[PDB]
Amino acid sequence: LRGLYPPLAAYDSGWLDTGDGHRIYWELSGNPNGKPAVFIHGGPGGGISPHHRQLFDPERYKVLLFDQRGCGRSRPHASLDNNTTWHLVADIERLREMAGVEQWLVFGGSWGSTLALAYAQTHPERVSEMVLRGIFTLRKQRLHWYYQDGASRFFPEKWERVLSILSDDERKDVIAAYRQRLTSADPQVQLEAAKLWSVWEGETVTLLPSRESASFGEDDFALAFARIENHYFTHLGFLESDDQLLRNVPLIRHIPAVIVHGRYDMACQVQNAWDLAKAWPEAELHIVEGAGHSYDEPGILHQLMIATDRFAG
């Protein structure tokens, strides 16, 4: 099984002012003359990791990685002002012009696959190839599955913790209930709910229990993670219709793509990947047996490495 390339530092980085109150952190890794690619992290509000650099051949790729508005090293931290899907799409174009890229490979998993699709369908001309993982298209059925009733049935003991702070009425609409707390004037109220929300996800993204999950409970990370995620879900991803990302697939069918999805992905059902593949025959679908959601699930990582390697010749 293929693994990550060796660790390496970015060769350049900085903050880009968007003009509307945001300074987004970005970095360039790999070969300044290599094949251009952009990495889109998940969440939303998840942030990039130095390990995301090791997903592309150091000798053949010129990788641009960045923290989306309000998370990671992008300022202001945990900000929900001017933080929507369409602003992020604009941010990607801004970063592309900065790095002087005319066209690049879009690598995105989870919410990153959601933004990757939104971006690609808005600027088809700027996308050379796509590598998608753990497909998430933001349909009501998807949000209901992970945050109302669905995954809850596979992790009943964990789901009870999420509901522990809600009254009987609030439990009717968990997303809405958490929205109130996450937007409370009381920082303590925000943090208590941010932690519960983030740990739920942290403990359900891998087939087997991981020690990595504990980091989802870290105060600063959790605060921005939960606030931003809940904000996007409260607004239905700022899409004009439930299946926007699926009905606009015709706009990108000519683009070479690889879809990798874990069979037992509990955050995003494999049905999403199947639905996408059905509308996108050209794409190559890889359903990884025995794997969960996370990009570093052995079998999922293996397919990701092979995909980027092949697209780089």
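Residues carry their position along the shown sequence, with the first being 1.
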- request: Pick between 145-153 and 204-212: the one whose mean CA B-factor in the entry is higher.
  value: 204-212
task: May I ask you to compare 193-201 and 233-241 by their mean CA B factor in the entry and name the higher one?
output: 233-241
- line: From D265, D57, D67, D275, the top C-alpha temperature factor is at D57
- prompt: Which one of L285, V288, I48, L28 shows the top CA temperature factor in the record?
  reply: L28
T18 CA temperature factor, ranked by third within the chain: highest
task: Taking the chain's C-alpha temperature factors as the reference, tell me which third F136 falls into: lowest, middle or highest.
output: lowest
message: Per the entry's values, where does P76 land by CA temperature factor relative to the rest of its chain, in the lowest, middle or highest third?
response: middle
query: Split the chain's modelled residues into thirds by Cα B-factor; is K62 in the lowest, middle or highest one?
result: highest
message: By the recorded C-alpha temperature factor, relative to the other modelled residues in its chain, which third is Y119 in?
response: middle
